[PDB]
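In what follows, a single structure is set out as structure tokens and then discussed.
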RNA sequence: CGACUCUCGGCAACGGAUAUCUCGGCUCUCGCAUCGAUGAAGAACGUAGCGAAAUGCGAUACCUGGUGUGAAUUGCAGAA
RNA sequence: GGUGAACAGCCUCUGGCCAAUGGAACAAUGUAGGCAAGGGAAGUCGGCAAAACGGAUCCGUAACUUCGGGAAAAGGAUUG
RNA sequence: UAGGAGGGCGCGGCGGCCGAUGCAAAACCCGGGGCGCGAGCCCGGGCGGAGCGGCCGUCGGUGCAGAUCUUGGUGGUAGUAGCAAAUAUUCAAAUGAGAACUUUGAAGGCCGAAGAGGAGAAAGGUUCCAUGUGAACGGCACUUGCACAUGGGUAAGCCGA
Ligand SMILES: [Mg+2]
Ligand SMILES: [Mg+2]
Ligand SMILES: [Mg+2]
Ligand SMILES: [Mg+2]
Ligand SMILES: [Mg+2]
Ligand SMILES: [Mg+2]
Ligand SMILES: [Mg+2]
Ligand SMILES: [Mg+2]
Ligand SMILES: [Mg+2]
Ligand SMILES: [Mg+2]
Ligand SMILES: [Mg+2]
Ligand SMILES: [Mg+2]
Ligand SMILES: [Mg+2]
Ligand SMILES: [Mg+2]
Ligand SMILES: [Mg+2]
Ligand SMILES: [Mg+2]
Ligand SMILES: [Mg+2]
Ligand SMILES: [Mg+2]
Ligand SMILES: [Mg+2]
Ligand SMILES: [Mg+2]
Ligand SMILES: [Mg+2]
Ligand SMILES: [Mg+2]
Ligand SMILES: [Mg+2]
Ligand SMILES: [Mg+2]
């Protein structure tokens, strides 16, 4: 039936780990990530969910590069 | 650390406490209420004779459903009583601990008696159980704090 | 499964090293709040989902 | 007082009506209860050969009379409850059968 | 190939055969069998293992 | 004394089933202090651990039934 | 007399309200304009003598160099 | 492995278990399973449920029929 | 009653005024004494251990018994319904503070090979193995464990990809 009889057959994966976003949302058959839109060039982001815009906006990561840009702005991009 | 009822005389009394004891509060309330004002030695004898299923602890306040027995006709005529083994055993551990404290002070153990015995609910411990139509329900124990005070009898 | 991709083995390694109760000594560092490890995972309770 | 006596346990009358999946366990319970009544000791130890004898015919048929010997002996254990116990074992039966065999006392 | 080359440059020996496996905790572990010219006891005591 | 490490390691060495290993009750001390397959093999060679004989399934009534069918 | 039921009063529980706080939030105002093929945001894995997370950092990996300050770090141990 | 037409059921060997909370008692009412004198559907909306038949060998097998079926029809006998 | 208006009580600030405060403030409790028709207010006692009031003006997220109100807690219910399919357990011994549940041995039964046996694909992710264990968990129990802690473990020219 539906329900107990039918939840036993969950055995395959629709989604595996996406490579651009690291979430478990890469639709396999369709070959596209359902969260970062991947492999599309641009990222999937919509304004009907500002919450999902903030969860993955700029600022929630390491900022390995731009965190130094303010400091480099001060002292006017100087090289000695 | 200080109990509900202080002894008549503090120098001639020993006290024992147990907090967060994992035993049914209702059973140990009825045990204490059966044991209050007995002598220490008759309390040890009685309470072991209960643990060994030979003589009964009457159930009076929390008794709806407790079946009847003949071993309790002496103190409760309608004959309603049980034999709480786990609770009687915990209370025996505290009785021995208070007899030990009374020996350490130096009272006549043979003259000791249960001055003040109190059972008092504690924080309920939680665990989840599973019911038809996928509904999960609380499955929670009612542990008790048990305190007692043995005081030497005086003429 | 017995035939697992190297990516999934790579991430199982890290989700393994992320299971230990917090060290005994952190608890005495100055002005400290970390009490127990609130990010435990158990193999039977909370599936990684990946 | 230590003492060894040969009894005959009429087991049909003590196991009558018992549920099949329980006639042999109730046979062992009745052997212990019978040793308790006979020799007043609360602690009865049943020999493995008495067990094997009772259990040999299934769970739902047990011998009807079991000639046992109960040996009340000293509890030599320095830690102990009782000062004495009883050790019941299977007993040799004469060829003439249980005809007229009462309770005897062994030398 | 790199494991045998390094085991030669360091420790000045050679490996007749190397086996590798990535242990579940995450790092790789390599079993370097010495050609029976060299003695593993001798190398283990030249570096201090046993 | 738990010997669940020694019923295994013995069904494996004696190449039997865990219901065929026999560990003598009297020397559970030495069996327990035996802690390896090597030590299980010295115990087997020293006679403490035995293969029990296979339960008998004799076809003698089958043979008599046929020898009365011919 | 006593048990039970209701109750009053004292203490002890159960529980986390109320009171006092607050390296937080919210609002208003102001100053500057600075990401990316010279590889960015994000993701992943590693990285500490004893760390899991958070915080850093990239096989030079809770950092290297400079410069300023001028004697520490610190849960512990250790070269100093 | 045995019986059997048989990978049916029923018992056994290799291998695996006795894990399903235990003690006492035999009251109603239950749930699962049986048996009943005389009668055999009178119960009931309704033969619902249960009983009766059931393997195999030998004989016999009607109306009807698309001439293939009906058909294991029906009715009998034997079984160690 | 619906409804209207007037005068007041109370809460939290702001501008002023009057002060209380480690000889004990706020808050909270009382079978304490009062005041008011009433909202409420004043004092005593206690715990409490650092801040608080009263008056005039002025403002606002200001007054709770209801909304199958939101959140949190706690009762009776109630030691009650109940722990019941898969045939089955028993006796000595040992360890242990404690044994129906651990381990050994003897027995008795079950799966009966389209198995309750031996291996895998998927999926899980260290559950695998050893040593130990205060709690919690193992819907009874435990010396026990798939639980907790510390360590160990996965080797390929031929099996795969
Ligand atoms: Mg399918
Ligand atoms: Mg699909
Ligand atoms: Mg009832
Ligand atoms: Mg469900
Ligand atoms: Mg599951
Ligand atoms: Mg390899
Ligand atoms: Mg045949
Ligand atoms: Mg068959
Ligand atoms: Mg009839
Ligand atoms: Mg009819
Ligand atoms: Mg009618
Ligand atoms: Mg009719
Ligand atoms: Mg009709
Ligand atoms: Mg029918
Ligand atoms: Mg017809
Ligand atoms: Mg409002
Ligand atoms: Mg406000
Ligand atoms: Mg209200
Ligand atoms: Mg009940
Ligand atoms: Mg049920
Ligand atoms: Mg097949
Ligand atoms: Mg299997
Ligand atoms: Mg339990
Ligand atoms: Mg295991």
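Protein chains in written order, with PDB author numbering: chain UA, 2 to 81; chain MA, 2 to 156; chain VA, 2 to 51; chain SA, 14 to 120; chain NA, 103 to 152; chain LA, 2 to 71. Positions of the beta carbon are idealized from the N, C-alpha and C atoms, including for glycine.
- Per DSSP, residue 67/SA lies in no beta strand (DSSP E) segment; the continuous alpha helix (DSSP H) that holds it begins and ends at 61 to 68.
- A direct Cα-Cα distance of roughly 45 Å separates residue 69/LA from residue 8/LA.
- Taking the Cα of residue 41/VA as reference, the smallest distance to any Cα among 13/VA, 8/VA, 23/VA, 11/VA is reached at 23/VA.
- Shortest gap from the CB of residue 135/MA to any heavy atom of ligand 4: under 7 Å.
- By the neighbour-count definition (other C-beta atoms within 10 Å, threshold 16), residue 37/SA is a buried residue.
- Residues of chain VA whose Cβ lies closer than 8 Å to the Cβ of residue 25/UA are, in chain order, 50, 51.
- Contact annotation for residue 8/VA against chain UA: 18 [CB-CB distance below 8 Å, chain order].
- Close to residue 127/NA, with beta-carbon spacing below 8 Å, are these residues of chain VA in chain order: 14, 17, 18.
- A Cβ-Cβ separation of about 5 Å places residue 48/SA in contact with residue 83/SA under the 8 Å criterion.
- Contact check for residue 85/SA against residue 22/SA fails: the beta carbons are separated by 8 Å or more.
- Closer than 7 Å to some heavy atom of ligand 2: that describes the Cβ of residue 15/UA.
- Secondary structure at residue 19/SA: strand, using DSSP grouped into helix, strand and coil.
- DSSP places residue 102/SA in the uninterrupted beta strand (DSSP E) bounded by 97 to 103.
- At the C-beta level, residue 141/NA and residue 18/VA stay beyond 8 Å of one another.
- 18/MA is the residue among 117/MA, 18/MA, 6/MA whose C-alpha sits nearest the C-alpha of residue 147/MA.
- Note on residue 74/UA: under 16 other CB atoms within 10 angstroms of its CB, so exposed under the neighbour-count rule.
- Under a 10 Å Cβ-count criterion, residue 84/MA is classified as buried, with 16 or more other Cβ atoms of the shown protein chains found around its own Cβ.
- The contact set of residue 124/NA on chain VA, defined by CB atoms closer than 9 Å, consists of 7, 10, 11, 14 in chain order.
- Within the same chain, 18, 34, 36, 37 come within 8 Å of residue 24/UA by CB-CB distance, once the 5 residues on both sides are set aside.
- Residue 132/NA is a Cβ neighbour of residue 120/NA, given a cutoff of 8 Å.
- DSSP places residue 9/UA in the helix class (H, G or I) of the three-state scheme.
- Distance from the Cα of residue 28/SA is smallest, within the candidate group 72/SA, 109/SA, 110/SA, for 72/SA.
- In its chain, beyond the 5 residues on either side, 51, 70, 72, 73, 82, 83, 84 have a beta carbon closer than 8 Å to the beta carbon of residue 57/MA.
- The segment 90 to 101 of chain MA makes contact with the segment 3 to 23 of chain MA: 3 or more CB pairs, one atom from each, lie closer than 8 Å.
- The beta-bridge partner set that DSSP reports for residue 115/MA consists of 151/MA.
- Between residue 10/LA and residue 41/LA the beta-carbon gap is near 5 Å, inside 8 Å, which marks them as a contact.
- The Cβ neighbour count for residue 67/LA, taken over all protein chains shown within 10 Å, is under 16; the residue is labelled exposed.
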